[PDB]
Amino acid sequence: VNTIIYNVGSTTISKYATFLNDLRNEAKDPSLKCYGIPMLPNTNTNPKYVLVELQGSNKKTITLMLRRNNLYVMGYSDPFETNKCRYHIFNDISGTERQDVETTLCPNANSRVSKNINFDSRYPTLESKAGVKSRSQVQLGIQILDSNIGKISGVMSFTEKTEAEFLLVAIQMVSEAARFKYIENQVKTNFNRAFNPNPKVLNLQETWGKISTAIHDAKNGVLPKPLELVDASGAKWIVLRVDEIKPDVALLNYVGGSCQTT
């Protein structure tokens, strides 16, 4: 398991681009790719994970554990108390993967402490815990991410709301950005300020699975069937070809079988 380190407390759009670039290259399958878009690996491929160390301001850090197969954030850890490593597993992680999260994040069996995330990683759950109707109401931003890291890293207790806000921002600025070039660019355009994710970033997030399947199954650049997405204004957007959606996509979800690689 390789860990990607990203300094949030002090960065540039150039550093953010490099970070996502390293993550994409670490997560992706060495050869799997459809229409020039790299695809995530089969669940049998090792390693199965990749860590993302987020270095915030005032020496506050949080490490994210991501499954390479689908780029989901399975949990995170933070330096705690003296020399402890506190791991937080998502409620929706089951079986052996739960031990993988604990032992992967905090390799030292002697100093690790547990503080489970008592809810799943689905957006509607996170939104509900955050106390909002939609994550569009939750502003993203580098200083916001930095600020949320400081509210959790090394802090004994913290509200489910506080935790959900961090997860919302971190998942979008880390996992969603790595998957979509469009989302990465949205962060870069508003790099020095806070912003509300638009109808297109949120729709892209919610349709990644469908998009990945449509591109994998596309014949000579033609989607199996018309794909109904939505643009930044909030208008319906019917994509008919790979060429129409590719510009916004950096990584494809793992989709079984062969596809046109280039």
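Heads up: residue numbers just count along the shown sequence, starting at 1.
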*Entry-level comparison of average CA B-factors, 151-159 and 97-105, reporting the higher stretch*: 151-159
*Out of 219-227 and 60-68, which one has CA B-factors that are higher on average in the deposited record?*
219-227
*Determine which member of 55, 198, 205, 213 has the highest CA B-factor, using the values in the deposited entry.*
198
_Out of 40, 34, 51, 232, highest CA B-factor residue_ = 34
*residue 126: which third of its chain by C-alpha temperature factor?*
middle
*Which third of the chain does residue 113 land in by C-alpha B-factor: lowest, middle or highest?*
highest
*Quick one: classify residue 176 as lowest, middle or highest third of the chain based on its Cα B-factor.*
lowest
*Grab the CA temperature factor for residue 84 from the record and place it in the lowest, middle or highest third of its chain.*
highest
_Quick check for you: using the entry's CA B-factors within this chain, is residue 142 in the lowest, middle or highest third?_
highest
